[PDB]
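# Breakdown of the fold
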Protein chains: 4
Amino acid sequence: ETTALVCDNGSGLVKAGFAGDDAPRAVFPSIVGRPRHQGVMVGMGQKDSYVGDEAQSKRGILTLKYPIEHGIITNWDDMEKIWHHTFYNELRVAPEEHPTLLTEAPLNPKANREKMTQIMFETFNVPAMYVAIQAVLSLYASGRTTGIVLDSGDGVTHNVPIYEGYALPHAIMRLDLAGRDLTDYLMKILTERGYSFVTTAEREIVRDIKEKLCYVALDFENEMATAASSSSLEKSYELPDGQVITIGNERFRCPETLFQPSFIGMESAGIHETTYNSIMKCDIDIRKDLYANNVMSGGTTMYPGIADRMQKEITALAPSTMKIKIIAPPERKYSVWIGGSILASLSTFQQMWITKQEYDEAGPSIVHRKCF
Amino acid sequence: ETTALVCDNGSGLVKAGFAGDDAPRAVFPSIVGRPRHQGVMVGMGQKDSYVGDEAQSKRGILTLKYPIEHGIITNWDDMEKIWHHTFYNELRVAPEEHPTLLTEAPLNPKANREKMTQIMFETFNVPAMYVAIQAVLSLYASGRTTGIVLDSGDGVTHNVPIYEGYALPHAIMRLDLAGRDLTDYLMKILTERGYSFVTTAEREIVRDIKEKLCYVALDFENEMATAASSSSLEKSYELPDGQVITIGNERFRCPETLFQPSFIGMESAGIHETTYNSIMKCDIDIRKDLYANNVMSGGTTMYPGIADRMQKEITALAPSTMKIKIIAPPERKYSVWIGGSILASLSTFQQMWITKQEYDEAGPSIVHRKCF
Amino acid sequence: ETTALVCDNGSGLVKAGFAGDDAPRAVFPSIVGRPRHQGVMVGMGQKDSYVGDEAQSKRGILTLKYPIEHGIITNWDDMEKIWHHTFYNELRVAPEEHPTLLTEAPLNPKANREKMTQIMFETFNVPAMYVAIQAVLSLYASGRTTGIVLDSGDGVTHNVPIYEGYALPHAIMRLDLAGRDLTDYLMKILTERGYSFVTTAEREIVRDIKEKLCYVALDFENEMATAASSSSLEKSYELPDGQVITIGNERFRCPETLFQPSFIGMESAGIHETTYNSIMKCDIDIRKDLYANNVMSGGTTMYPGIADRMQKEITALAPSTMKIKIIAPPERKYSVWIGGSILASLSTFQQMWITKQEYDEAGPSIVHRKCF
Amino acid sequence: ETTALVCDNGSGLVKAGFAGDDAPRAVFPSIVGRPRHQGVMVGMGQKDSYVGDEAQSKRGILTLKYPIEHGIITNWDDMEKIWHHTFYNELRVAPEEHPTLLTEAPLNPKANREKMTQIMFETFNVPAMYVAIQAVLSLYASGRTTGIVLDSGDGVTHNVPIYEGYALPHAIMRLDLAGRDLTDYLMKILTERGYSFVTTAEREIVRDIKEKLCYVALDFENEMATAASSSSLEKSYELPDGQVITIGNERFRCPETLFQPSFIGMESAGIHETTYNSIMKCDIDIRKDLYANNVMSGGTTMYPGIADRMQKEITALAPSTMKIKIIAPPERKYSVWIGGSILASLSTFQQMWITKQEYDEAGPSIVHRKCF
Ligand SMILES: Nc1ncnc2c1ncn2[C@@H]1O[C@H](COP(=O)(O)OP(=O)(O)O)[C@@H](O)[C@H]1O
Ligand SMILES: Nc1ncnc2c1ncn2[C@@H]1O[C@H](COP(=O)(O)OP(=O)(O)O)[C@@H](O)[C@H]1O
Ligand SMILES: Nc1ncnc2c1ncn2[C@@H]1O[C@H](COP(=O)(O)OP(=O)(O)O)[C@@H](O)[C@H]1O
Ligand SMILES: Nc1ncnc2c1ncn2[C@@H]1O[C@H](COP(=O)(O)OP(=O)(O)O)[C@@H](O)[C@H]1O
Ligand SMILES: *CC(=O)Nc1ccc2ccc3cccc4ccc1c2c34
Ligand SMILES: *CC(=O)Nc1ccc2ccc3cccc4ccc1c2c34
Ligand SMILES: *CC(=O)Nc1ccc2ccc3cccc4ccc1c2c34
Ligand SMILES: *CC(=O)Nc1ccc2ccc3cccc4ccc1c2c34
Ligand SMILES: [Mg+2]
Ligand SMILES: [Mg+2]
Ligand SMILES: [Mg+2]
Ligand SMILES: [Mg+2]
C-alpha cells in the first residue's frame, strides 16, 4: 500500500488529504446548497446542488445547510455528497485503493459511527477504515502522551484528558457551545447596531466578521467600561456589497460566550470551568501533569487572547502552589488532521484497521469494540 | 398624579390614550405627507405637511411616507411631527404633567430607544417615561404570565416566550415580514388581473382591500384547486373612483406569505415554524405551558382563519401527545395598548419609571439597563 | 392704494374693470378694424383704425381682424391699440397708479406672457402686474377650491383639475375648438340654405345668430329625425338689412361640434371626453370630488341645454355608482373676471405682484417662475 | 424542422424574423389606421384599414391607434391584423410549418399571455410556441448570465435581476414610463414655443424629433443655466410640410423624465433609482456582480449620453468602494430579438416548446406553469 486517506469531517470544514503530508490538500466548508429561486437560463452549468467551495461562491442564490450539526450527522443524504465531492473532485482518488481515517467527537451517538462505517464500505468500498477521537489525535499531533485537550471547533467543545496514553472516559466533558453558536450570537447582537443579517447566506458574512474582528478580553468588565469611551475599540469591516459596518463592544462580547455561556441562555459552565471540572474528576496524582499540559485545538481557540485568559482564569480556580501552562500551537486549526496523518503512517497502527472482511461478518457492531 | 399616557407607536397606526381606559382615544395612521404638486390657491388652510387622518383624507395629492419602517424609526424629523400631532391635537394634553409609556419591538437597535428617550425629555419634557416591549404587554393584557406571544403587526413579527413572568431573551424570534410586506405583495399580484396600483396613495387602497377581502386558507393547495372553478371564491370591491375589481385566488394567496415567506423571496420560515423553533429553544420542562398558551396580537393576526391554520400546522410539528391552544382574543388589535394601560396604572410599577433627574446625570444609557 | 385693474383679455371680448366690483365696467369686442374703401369725404372724424364698439358699429366698411387667435396674441401692434382703448377710453384711468391683473390660458406659449409683461411695464408703466390662469380664477369665483373647470370661450377650450388649491398641470387638457370655430362651421352650414356670409363683417352677423338660435340637443340622432318634420324646430332671424332667414337643423348641429369635433375635421375628443380623460389622468383618490364639481365657464357654455348633455354623457363614461354634478352658474360669462376681482382685492395676494423693480433686474424671465 | 419564427411584439415596433439570423427581416410600427375622411374616389385600392408601414405613409388621412399600450394588448381585434400583416406580407410564410417565439414584459396580466396563446393556436395554427420575457432575452443576447437588465422600450421600463441564470422575481421593478410618455411630454413642452401638435399623425412627427434631437444632460441644472444663453443648444428640424422649428432646452428636458418622473406627474422613482432599489432588494452576496453588469436595452436607452448619466448617478447611490459598469451595446434596439434568435436556435430549448397537443388538453393554463 502506498498511502492512506485522512478525512476530518468537522462541522464547519472538511480537512482531507494523505498520510505523511503535513498539510491537508483539501479544505472546504461542509455546505450543500440548493437553489431557491426560479431559474430561467436552463443549462450552461446549472447543477441541482452545490457542495463546498462552489456553494460558497454562488451562496447568494442558495439555501446553505450544513449536514453536520453539533458533531452529529443529521443529513446522511447530503453527507454522502460531500464525501463524493471529497474523494472525486478535491483529491481525485478512487476509494477502493486507499484506507481512510475518519474522525468524530467523543460522547457521540452510536448511530453516527455505525453509518459512517456502513457508507464507507457499501458506497465507496474502502479496503479498511478507522474512526478516531478528535481530541486524542490533537494531543498526538503536539508530540505528547499526557495532557487535557480543549478541542473547540464549529460544532462541539470537548475536554478529553489523557495521561500517558490512557484515556479517562469518565472525565470527558462534552459541551455543545462552539463557533456556530458564537456566530448565531453575533448575528443577534449586530441587530442593536441596525445590521440585519437574516438568511443563511449572511451567516457566512457574520462568520467572516468573527474570524477577523473578534478577540478575547483579558478582563471583561474592565473592557466594557473602556468601550464606553467608544473610540479605540471600534474597527470597520468591508461587506461584499461595498457597505461598511462599525462594531465596537460586539468584538469581544461574543467570545465571552465561551467563558460565560449564560449569554445565549445555557445552564452550563464556561470552557475554563469545564476544563477545571474535568481535571478535578481525574485522580489526585495525575493532576500535576494535566494543569501543565493544556493543549488547545480547533478553530474556535484561534481568537487573539484566548490563551491568555485561559491561563488567567484556571489559575483563579487551581491552587496557587502550582503552574498552569496553556499550549496554543500556531497550527492548531489543523492539529486534528495532523495527528491523523501521523497515526495513519505509523507501522504499529497498520494492524488496527477495520477491514472489509471484519465488517461483513459482524455487521456495524465491530466499530464500537475497537475504540477506547 | 392622576393619569399617565400610553403611546403605542406602531409602524402602521398610533394608539394613544390614558392609563386606566379600556380603549385608546387616538387611533390614526403613522403618515406624514408632503404635497407633490403646484399649489396655485396659496392659502385657505394649506399646510406644509399633513399628519395622520388629515393626510389620509388628502392622500390623492400627497406623497405618503411612514417614519417607522420595520419597527425602526428612520425619519426622526417626521416622528416628532406625529408626536406633536398626538399629544396636542388628538389628546389635547401637555406632556409636562403626564408620564408617558412608549413601546417598541424586541431586538431593536439601541439608537432607536435612546432617541425616543432623548426627544421625550428634551422636546416634550415629560416628568418620567418607560419604554416597554410590545409582546410582553400583549400577554399581560390577556391576564397571563405564561405564554409565547405572536405579535405580528404592520412592521415586524416577533415571538417572545414568557414563563411565569420570566422572559427568555435567547428564544426571541424577530421576523421583519409583516402586514406591510403583505400589502406590497398584494400590489404585485393584482397586476396579473390588470389592476395597476403604483403610488403610495394606492398603497392604502390595496391595504383596505386586504383588511376586508383576505382570509387564510386551511389548506392552500386544495384552495388553489377550488379557485380553478373560479365562481365562489371571488368577491368585488368598491374603489373610491367608482370602479369595481374582482379578486379571486388573490384573496387567500397573500396571507399565505405569512406561512410561506418564499413568495416574497425570503429565506425564512413561516410564522408557524418560527413559533415552533422558538418553543424548541426554550427548556424542555416549560414547553408544556407554551404549547397551551399561544397568544396572538397585532393587526396582521386579524385574518379570518389565521388561528385555525396556526393550530392546524403547529400540531403537525409538535408531538401528538399534547394539546395546542391558539389564543385569539377579539380585541387583539389593541392588546399591546391594553396591556400598557394596565401596567401604567399599577402601584407596583410607579417606582419603575425613568424620571428626569435619572436621565440628565446618566445620559441615554439609563434606558438600556432598565428593560429585561 | 384704493383699487387695482382686472383686464381679462379674451379672444372675443375684453372684460375690464376694478377689483372689488361685481361686474366689469368695460365689455367690448377685441376688434381692430381698418377701412377698406376710398373715403372721399376726407375729414369729419374719420380715423385710421377703429377699436372695439366703434368698429362693431362701422363694420360694413371695415376689415375686422382679431389680434388674439386661439388664445395667442399674434398682432402685438394691434393688441396695444385695444389696451390703449381699454385704460384711456373705457375706464378713463392712468395705468401708472393702478396694478393690473391680466389673464391667459394654460399651455400657452412663453413669448405670449413675456410680451404682455414687457408692454405693461415699458409702454403703460404699471406699478405691478400678475398674469393668472383663466380656469383657476373661474373656480375661485364659484367659491370652490376643488373641481375640474371646463372653461370654453371664443378662442380655446381647456380643462384644469384643481384639488384643494393644488393644480395638477400634467392633467390639463387644451382644445383649440371654441366658439370661433362654431361660428365658422355655422357659416359653412348656412350655405346649404343659400345664405352667403363671406366677409368678416358677416362673421358677427352669424355670431349673433348663434348666440340666440342655437341649443344643444339632448340626443343628436333623435333630434335629426325630429327635424325631418321641419315645422317646430325652425326659427326666424332678422338680418340688419331687413331680410329674414329660416334655420332648421342648423340650430343644434353646430353646438354638436363641441361634442363631435369630427364635423370641422379635427381628430380630437369632445368636451365630454376631454373632461373624462382629464379626470382619469388625475390620481384615483381625488376623482370622487372631481366628478362632483364640474364648473363650466366662458361664453361657449351658455348654450341652452349644454349642462344637461354634459351630465348625460359623462355619466355614460363614468362608473354608474357615483354622481356627476355639472355646475353651470348664470353669471359664467364673467366668472373669469369675477374671480380676478376677488383675487386682486385679497390681502394674502398683495405680496404676490410682480413689481417694476423685480422686472428690470431679471428681465422677462421673472413671469414664468411665479405662475405654475 | 428548418427554422423558427421570433416575433417581438413591442409597443412601438414589431420585430420579426427567423431563428439564426442576426437581424430581423421585418421592422414596422404597431399601428393600425382607419380613414377618418369621406373617400370620394371609391376604388383604386382603398382598403378599410392600414397596418404598419402603409399606415405610416398614408398617416395624414388616418387615425393611428396602437393595440399594445404599456405592454398590454388592449385591442385584440387589431392585434390580429398586425400578426396577419407580419406572417403573410412581411415574412411571406405560413405559420403552420414554423414554431413561433413571442415575447412580453414581466408583471404582465395573465389574460394577455393566454390570448397570445389562444390566437396563435386557433387562428394561425402554429405547431408550437413559447412566450418569453423581454429583459431575460436581452441579457442572453449579450452573452451574459449575470446582470440586471434595464429594458426600456416604447410602453414599459422594467428591471430584471438575473444571477447566473436564476431570476429573482421578487426584485423585478416594472415602471410604466417609457418612450411613449416622453413623446407625449414633448408634445406638451413644444406648445410653449407655439408649436401645435395635436392629432395622432403629428404624434409620429414629434416622435421623429425625439429620435434625432434629444440627448441626456450629464447635469440637468447646469444645462438649464447653459441654455439661458440660447445659442449653442438649439438645433433645427425639418417638418414634412417644409416648416422649420427651433428647439432649445426642450432637447434635454424630455429625457430628464426618465430620471425625474415628477415632470409628467408620477409619484415614482427614476430609472436610476428603480435600478438601485432593485439591486438593494437582492441578496448582499450577488450585488457585487449586479453593479458590474448593468445591461441596457430597448430604444429608449438610445439617447446620446444616457449611459454616462446612468453611471454617474448610480455611483451617487452605490457605496463608493466599488465599480459601476453600464453596458450599452450599439445594437440594443434589437437585443430582445437577437436573444430570441439565439434561444430558438438552441438544441437544449427544442423540448421546451408548448406544442399543440399540450394546449388542447390543458387549455390556456399551460402557458403560466412554463415560465420562470
Ligand atoms: N482564524 C480564526 N479566528 C477566529 N475564529 C475562527 C478562525 N478560523 C475559524 N474560526 C471559527 O472556528 C470554526 C472553524 O473550526 P474548524 O477548525 O473548522 O473545526 P471543525 O473542522 O472541527 O469544524 C468556524 O466556525 C469559525 O467561526
Ligand atoms: N381588520 C383587519 N383585518 C386584517 N388585517 C388588518 C386589519 N386591520 C389591520 N390589518 C393589517 O394590520 C396592520 C395594522 O396592524 P397594527 O395593529 O396597526 O400594528 P401596529 O400598531 O403595531 O403597526 C395593517 O398593515 C393592516 O394591513
Ligand atoms: N349668450 C350666449 N349664448 C351662446 N353663445 C355665446 C353667448 N355669448 C357668447 N357666446 C359665444 O361665446 C364667445 C364669447 O366668449 P367670451 O365669454 O367672450 O370668452 P372670452 O372672453 O374668453 O373670449 C363668442 O364667440 C360667442 O359666439
Ligand atoms: N434612435 C433612437 N434614439 C432615441 N430614441 C429612440 C430611437 N429609436 C427609437 N427610440 C424611441 O424608442 C421607442 C422604440 O423602442 P422599441 O425598440 O420599439 O421598443 P419596443 O420594440 O419594445 O416597443 C420609440 O418610442 C422611440 O421614441
Ligand atoms: C478511537 C481512538 O481513540 N483512536 C486513536 C486515536 C489517537 C491515537 C494516537 C496515537 C496512537 C498511537 C498508537 C496507537 C493508537 C491507536 C488508536 C488511536 C491512537 C493511537
Ligand atoms: C421592558 C419591559 O419589558 N417592561 C415590562 C413589560 C410588561 C410588563 C407586564 C407586567 C408587569 C408587572 C410588574 C412589573 C413590570 C415591569 C416591567 C414590564 C412589565 C411589568
Ligand atoms: C398663475 C396663477 O395660477 N395664479 C392664481 C390664480 C388663481 C388664484 C385663486 C385664488 C388664490 C388665492 C390665494 C393666492 C392665489 C395666488 C395665485 C392665483 C390664485 C390665488
Ligand atoms: C418564460 C421565460 O422566461 N423564458 C425564457 C426566457 C429567456 C431565456 C434565455 C436563455 C435561455 C437559455 C436556456 C433555456 C431557456 C429557457 C427559457 C427562457 C430562456 C432560456
Ligand atoms: Mg474539529
Ligand atoms: Mg404594535
Ligand atoms: Mg375667457
Ligand atoms: Mg422591447
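About the cut-offs
Residues numbered from 1 in each chain as written, not as in the entry; some residues may be left out. Chains lettered and ligands numbered in written order. Heavy atoms only, no water. Pairing = 2+ DSSP bridges. Helix = DSSP H or I, 4+ residues; strand = E, 2+ residues; numbered from the N terminus. Contact = heavy atoms within 4.5 Å. Axes fitted to C-alpha atoms, helices over the stretch in contact; angles between N-to-C directions. Near = heavy atom within 4 Å. Polar contact = N/O pair within 3.5 Å; in protein donor to acceptor, adjacent residues only side chain to side chain. Areas by Shrake-Rupley, 256 points an atom, 1.4 Å probe, with all protein chains shown as cover. Nonpolar A, V, L, I, M, F, W, Y, C, P; charged D, E, K, R; others polar. Salt bridge = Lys/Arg side-chain N within 4 Å of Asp/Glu carboxyl O. Buried < 20%, exposed > 50% of the residue type's maximum accessible area, 1.4 Å probe, protein only.

This deposited entry lists cryo-EM as its structure determination method and 3.0 Å as its resolution.

## Quick notes on the sheet that holds strand β4 (residues 32-35) of chain B
All names here are of chain B. Taken in spatial order, the three strands make up an open sheet running β5-β4-β6, and their pairing is antiparallel. For this open sheet the edge positions go to β5 (50-51) and β6 (62-65), each flanked by a neighbour on one side alone. Inspection of the sheet shows β4 paired to β6 by four bridges, in the antiparallel sense. By the bridge assignment, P35 is partnered in β6 with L62. In the packing of helix α2 (residues 76-90) onto the sheet, contacts are made with β4, β5 and β6, and the angle to β4 comes to roughly 110 degrees.

## A word on the site of ligand 3
Residue and element names in this part refer to chain C. Contacts to ligand 3 come from 15 residues, most closely from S11, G12, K15, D154 and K210. Between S11 and ligand 3, the recorded distance is 3.2 Å, taken from a backbone N or O atom to an oxygen atom. Here an oxygen atom of ligand 3 sits 3.3 Å away from a polar atom, N or O, in the main chain of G299. In the complex, the protein chains occlude 89% of the 570 Å² of accessible area that ligand 3 would expose alone. Elements represented by at least two residues in the shell around ligand 3 include exactly β2 (13-16) and α6 (203-213). The biggest single contributor to the shell around ligand 3 is α6, with three residues. Taken together, the residues that form the shell around ligand 3 break down as three nonpolar, six polar and six charged.

## Quick notes on the site of ligand 7
Around ligand 7 there are 14 residues in total, and B:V40, B:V42, C:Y130, C:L343 and C:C371 lie nearest to it. Bound to the protein, ligand 7 loses 99% of the 420 Å² it would expose on its own. For the shell around ligand 7, the secondary structure elements donating two or more residues are β10 (128-133) and α4 (134-141) of chain C. At four residues, β10(C) tops the list of elements feeding residues into the shell around ligand 7. Residue composition of the shell around ligand 7, by class: 14 nonpolar, no polar and no charged.

## With respect to the pattern of salt bridges
Two side chains of opposite charge can pair, provided their charged atoms sit close to one another. The tally for this structure, following the rule as stated, stands at 69 salt bridges over all chains. The partner of B:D78 in a salt bridge is B:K81, with the nearest N and O atoms 3.6 Å apart. Of this pair, B:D78 and B:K81 are both found in helix α2, three residues apart, which corresponds to roughly one turn of the helix. The exposure class assigned to B:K81 is partly exposed, which follows from its relative accessible area of 27%. Between C:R287 and B:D241 there is a salt bridge; the shortest N-O distance is 2.9 Å. Here B:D241 lies in the loop between β15 (235-238) and β16 (244-247) and C:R287 lies in helix α10 (residues 287-290), a pairing that spans two chains. Across the pair, B:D241 and C:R287 agree in class, each one buried. Shared partners join several salt bridges into a network, and the residues in it are A:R34, A:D78 and A:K81.

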